[PDB]
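Below is one structure, written out as structure tokens; the observations come after it.
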Amino acid sequence: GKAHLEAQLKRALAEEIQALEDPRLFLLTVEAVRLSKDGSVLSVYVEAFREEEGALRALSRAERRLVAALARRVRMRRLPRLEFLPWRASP
Numbered sequence: 004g005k006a007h008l009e010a011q012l013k014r015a016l017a018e019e020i021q022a023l024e025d026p027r028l029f030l031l032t033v034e035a036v037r038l039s040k041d042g043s044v045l046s047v048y049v050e051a052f053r054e055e056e057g058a059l060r061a062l063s064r065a066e067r068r069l070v071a072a073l074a075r076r077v078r079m080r081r082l083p084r085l086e087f088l089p090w091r092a093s094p
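The authors' numbering puts the first residue of the sequence shown at 4, with every later residue one more than the last.
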């Protein structure tokens, strides 16, 4: 189901973000993810160490490379696009 795919995507994305070198992402962690009803978009809730806005911009800028990274490890015909939000916003 949905909950299981979200767990796989969360662990996968947390690892792919850790693989990025952007200093704005230092010590950033992924608190949760939520996929849209149809799987079109994955909302990713993160906890930034400093300058939360800067971390969100860094992830947003890396969105295409991150989706490419997910496509290499998750089996989905079309991977969801990513929306990055502050951890306080998680459902």
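By construction, the Cβ of each residue, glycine as well, lies at the ideal position given by its N, Cα and C atoms.
Just verifying my parser: in three-state terms, what is the DSSP assignment at residue 26?
DSSP places residue 26 in helix when its eight states are reduced to three.
Sorted by chain position, which residues of the same chain lie with C-beta nearer than 7 Å to residue 70's C-beta, five sequence neighbours on each side aside?
Taken in chain order, the residues that qualify are 82, 84, 85.
Report buried or exposed for residue 19, applying the criterion of at least 16 other Cβ atoms within 10 angstroms of its Cβ.
Buried, because 16 or more other Cβ atoms sit within 10 Å of the Cβ of residue 19.
Do residue 88 and residue 46 have their CB atoms nearer than 7 Å?
In this structure, residue 46 lies closer than 7 Å to residue 88 by Cβ.
According to the Cβ coordinates, are residue 50 and residue 24 closer than 7 Å?
Result no, Cβ atoms of residue 50 and residue 24 do not sit closer than 7 Å.
Would you mind sorting residue 65 into buried or exposed? The rule is 16 or more other CB atoms within 10 Å of its CB.
Residue 65 comes out buried.
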